Structures are given as C-alpha cells and as structure tokens.
Number of protein chains: 2
Amino acid sequence: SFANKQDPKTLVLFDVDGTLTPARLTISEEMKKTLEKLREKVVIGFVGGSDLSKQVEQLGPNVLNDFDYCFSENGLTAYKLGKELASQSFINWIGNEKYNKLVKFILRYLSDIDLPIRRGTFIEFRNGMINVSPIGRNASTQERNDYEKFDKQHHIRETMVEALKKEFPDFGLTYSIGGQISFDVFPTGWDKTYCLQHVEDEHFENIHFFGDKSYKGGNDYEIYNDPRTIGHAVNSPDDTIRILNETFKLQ
Amino acid sequence: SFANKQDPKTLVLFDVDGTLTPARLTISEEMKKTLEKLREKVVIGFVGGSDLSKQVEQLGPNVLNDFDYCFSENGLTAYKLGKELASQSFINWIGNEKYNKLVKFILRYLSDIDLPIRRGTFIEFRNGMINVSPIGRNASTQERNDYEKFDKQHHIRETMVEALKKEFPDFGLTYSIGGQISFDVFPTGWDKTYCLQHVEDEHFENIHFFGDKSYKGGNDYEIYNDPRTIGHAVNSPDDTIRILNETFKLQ
Ligand SMILES: [Cl-]
Ligand SMILES: [Mg+2]
Ligand SMILES: [Mg+2]
Ligand SMILES: [Mg+2]
Ligand SMILES: [Mg+2]
C-alpha cells in the first residue's frame, strides 16, 4: 500500500546500472538501507533497459519486495507491490504479420548489397527492439573496426535506414544508428520514459529520477529531461546516497 | 539533375489552388503550355497543402511527370522527377506513445467541460495535423453558428489550447484557432516552407515562389516571406501567366 509514507505524493525512480550499483557490479548494503529508509518516506522504484533476469544480478533476488515499482526493459515489464502490472513486447505490439514482412525485407536487402566482409547475427531479436548489422554482430573486434571505416565511406547503415523508412512508412518505428556496426529499430517512445505511464494513476505531485547517463545520447536523457520528472544527475552510487540523504532528510 | 533546362540553377515553386488553377477547379491548358515552356528554361515545381489525391484532380493525371518537384501536404510527401523523394506524416513524426497521451487528454478534457450542444467528430485525424472541435465537426450549419457565439463568449477553444500547452510543453506543436468550431494542432513549421528542405541539396541561386494568399494569415505568407525565396503575389492564374511570360521570356 501507499499509506505509511510521510509524502505519499513523491516518487523517486532510479536508473539501475551506475546509479544504484557501481558501473557493472551489484548493489551495496548502504544503498539498500538507504532505499529502505527512503521507502519509509516516499514511493520508490527503478527503471532499467534490461529484463528482470539481469536486474536480479544487480539488485538482488528479493527485488519485487524491495521497490514499490520495478520497471524492466524500460517498463515493458512492470511490477507494483510485487504483482505484475503490465507486460508488453516488440513482437506483441507490431504483430507477427508485420514483423515477417520486416525480416523478409531486411534479409533480401542484405543479400543484395555489396559487402566485402560478412559474418553472422545480422538481425538480433530483443524484447523491445531489433538490432540490424550489415556485417553482423559476430564480427571480431578488428572486423568491427574495419566495418566502421567501410560504413563511413559508403554510408551502408544510413542508406539501409532510409530504404526501411520508405518501405514501411506506417509501422511507427524509430531508427537509431549507433556504434560501429549496427542500428536499432524500435517503436517510437520505447525508452526509459515508457515506464511513467505505469505510475500515472497515482497522480504524484513529484517524480524524482536519478541516472548516471543523462547526457545527450545516454539512456537517461529522455527521462531526466521529461516534464514529469525532477532529474538528478549522478556519477556513482555515492552521489546517489549523498543526494538522497540531504534531499529527503534521512536519518 | 536538370542539365537539360536553359537555367537549371533557377527553381520556380507554385502554390496550387488559386495560383496555377482557378478558385477551386482544374488547371487550364494555357497554364499547362506555359508551364512546359517554362519547364524548358527553369526547374519547376508546386507546393500545396492537399494530398496527391486532390492535386491529381487540380493539376491532372500525370502530375508526377508534369513538374520536376511535386510537394503535397506542404511537402510531407515529395516527388522529384517522378521519383519518391521523401514521405512523412503527423503520426509518424509524433509517434503512437505521445499521440495516445494527447488523444486521451483531449477526450478526458472534453468529457469534463460543460457544453450545451455536442455532436460528433471531436477529433479529426489527418495526415499532417489533427483538428479538435468541442462541439464536433458533425454539427450542422446553424449549430456551428450557435457554437461560434458560445465559444466567443466563453472562450472554450482558447482555454483548451492553453490547457493543452501546459500539459504537453515539450511536444513541439503549434495551435491555430480558426473558423467557427475547431482548432488545428500540427508540428511547428509544418507550413509551405517545409518543402524547401527537399531542394536544399541542389543549392539553387534563385527560388521563385508564386502564391495567391501571401497576405497575413494566408497559407503562402511564410514561404513568400522566406529569405530563401523571391516572392510573386498573384490573384488568379491569369496573373501567374502574365508574370511568367515576361519574367522568363516565354512565347
Ligand atoms: Cl542473422
Ligand atoms: Mg545507468
Ligand atoms: Mg525532468
Ligand atoms: Mg493557393
Ligand atoms: Mg522571399
């Protein structure tokens, strides 16, 4: 319930990796007691781009009872008070019919272009997106370096993205070219801000967000700068703890 | 590539309705002849706020091969020498996540206010905009006259537009209250100047624009006054004919 909190009208959301935990490690004991004390005053929750099976590694096994809200895959999978609230996936949203046209088009497109180096894992299917690589994610470190230079000279990914946009003008997808070898395809607005529709029915006066990659291009950018949140940029769990202690007057 | 024309560095863009054609009707054969003569000298194109399905009625069946540039819906759909250059829609630009929040808010807002007369078609979804009417576009002629007086006394549309701006401050939308019953909602800058980005790669030294509603509030105002264009205000195709013949030395 939301009955035993000094401010049942304030929610604090946390990016997981690098905000509640170190850069690639598990959560500290002081952070857990800090959250436990924070939960006494306000509603707390987390949001991360990975699934619940990756966040248990970072946050612990008893995660559904540690946070009032648990947002996995940017909120595609959501829990409230430890009960499932909603589940959504890319394939459920787009449907198999459209996804089969999309895959067949991409497979044909890749078979027709001229590449000097091909490897494998040209399409990686994920729960909230697909990733498309003309050379393939199985390229070695050096093959990825080489492809990046080839792609800068011949604009392979850019041209493929434009071909996809014109072939599927009504699919509602966003395309993001990033890194050395690939681009992301996902429904517009399926970033960390996705999770906020899940808390709307509580009509909080304030929604705080803490994240370590709020810069341009980071996966906290959209939700930090969202009008529904008060953003707090951090660089470590230590910053998170320092800010929490003063802001919510923890003892 | 327009290497055949006498001066491929000069583009001439035309508004359609009232500039190339009469008030609301077909294009004359003399205008067609004038354009083809003009086509041999300069790069020509048109820009109109309607979709292809209307301009094919105003300009003719092979409109696609009658102009070097065909800009429908202010250029959201673009053709270059009969080649598809770009395609864009309101829903593709905003995305379903944001559009669903916008619609849900409008439906709830309308359900909460007190109106004497309600009908239907409160939200009209269009390819370049939505139109929102508190009484609804299914209102009869007299019901629209009655609502205009009610709205002028109570400022229903004005209050609703301000509520929309406060709720969605980062949606990048323009609101236009006009007529008796409704207001338009469209992405900022989606006027006839939107098409100018589609010709930016050729770097024309002169882009003429002809328009019959270049006055304040008319749909030609922005592109006529744009610093990239040389504007020519007209009142009928006969004016357009007269100016083209002397300026480009036709006949
Ligand atoms: Cl593959
Ligand atoms: Mg992080
Ligand atoms: Mg913010
Ligand atoms: Mg006109
Ligand atoms: Mg001008």
Side-chain angles (χ1 to χ4, degrees), chain A residues 10-15 47 99 102-111 115 118-126 130-139 160 181-183 185 191-193 195-196 199 204-211 213-216 218 220-234, chain B residues 13-27 31 45-50 54-55 58-59 71-75 168-170 191-193 195 209-215 217-224 231-240:
Chain A
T10 296
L11 163 72
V12 187
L13 294 181
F14 299 89
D15 167 65
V47 52
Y99 187 63
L102 177 60
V103 166
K104 287 161 64 75
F105 182 86
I106 295 172
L107 293 178
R108 174 61 178 279
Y109 188 98
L110 290 182
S111 76
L115 295 174
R118 302 174 190 258
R119 291 302 178 252
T121 312
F122 308 103
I123 299 167
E124 191 169 69
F125 179 95
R126 303 169 194 172
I130 66 167
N131 181 264
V132 185
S133 179
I135 178 172
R137 305 206 60 82
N138 291 140
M160 185 169 190
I181 61 167
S182 70
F183 57 90
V185 185
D191 53 49
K192 278 203 175 73
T193 62
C195 78
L196 296 162
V199 308
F204 294 119
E205 271 165 276
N206 294 306
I207 300 176
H208 298 257
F209 167 87
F210 284 73
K213 305 269 175 182
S214 44
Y215 55 81
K216 185 72 169 2
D220 301 322
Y221 177 75
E222 294 77 18
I223 184 171
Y224 177 94
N225 290 283
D226 189 286
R228 288 165 292 181
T229 73
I230 299 175
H232 302 273
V234 295
Chain B
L13 293 183
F14 299 92
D15 164 76
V16 174
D17 189 59
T19 296
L20 287 181
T21 80
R24 275 179 302 196
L25 297 98
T26 172
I27 181 181
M31 182 69 75
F46 69 85
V47 50
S50 304
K54 178 48 159 41
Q55 280 128 4
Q58 286 171 307
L59 299 176
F71 300 130
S72 308
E73 324 192 84
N74 294 319
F168 302 113
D170 299 354
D191 53 52
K192 282 201 173 71
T193 68
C195 80
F209 171 80
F210 284 78
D212 67 321
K213 297 174 183 108
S214 63
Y215 55 83
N219 58 12
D220 298 325
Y221 178 76
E222 294 85 14
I223 187 162
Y224 177 97
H232 311 259
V234 298
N235 292 312
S236 62
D238 300 314
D239 285 346
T240 313

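Atoms within each ligand, like the ligands themselves, are counted from 1 in listed order. Any value given below was found using the heavy atoms of this structure, including those in side chains, with hydrogens, waters and symmetry copies removed. Protein chains get the first letters and strands the later ones, always in sequence-line order, with residue 1 at the start of each.
Between the Mg ion (ligand 3) and A:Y224 there is an N/O/S contact shorter than 2.8 Å.
Remark: B:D17 does not engage B:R24 in a salt bridge, criterion side-chain N to carboxylate O under 4.0 Å. Note on B:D15 versus B:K213: no salt bridge recorded, every NZ/NE/NH1/NH2 to OD/OE distance being 4.0 Å or above.
Residues B:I223 and B:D191 form no side-chain contact, since every pair of their non-hydrogen atoms from C-beta on lies 4.5 Å or further apart. Residues A:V12 and A:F209 fail the side-chain proximity criterion, which asks for heavy atoms closer than 4.5 Å.
Any protein N/O/S atom under 2.8 Å from the Mg ion (ligand 4) was counted, giving 4 altogether.
Using modelled atom types and a 3.5 Å distance limit, the side chains of A:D226 and A:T193 yield no donor-acceptor pair. Neither side chain, A:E205 nor A:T10, offers a donor N or O lying under 3.5 Å from an acceptor on the other.
Take the N/O/S atoms of A:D226: the one nearest the Mg ion (ligand 3) is O.
Taking the six-membered ring for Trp and the full ring otherwise, the centers of A:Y99 and A:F125 sit less than 6.0 Å from each other.
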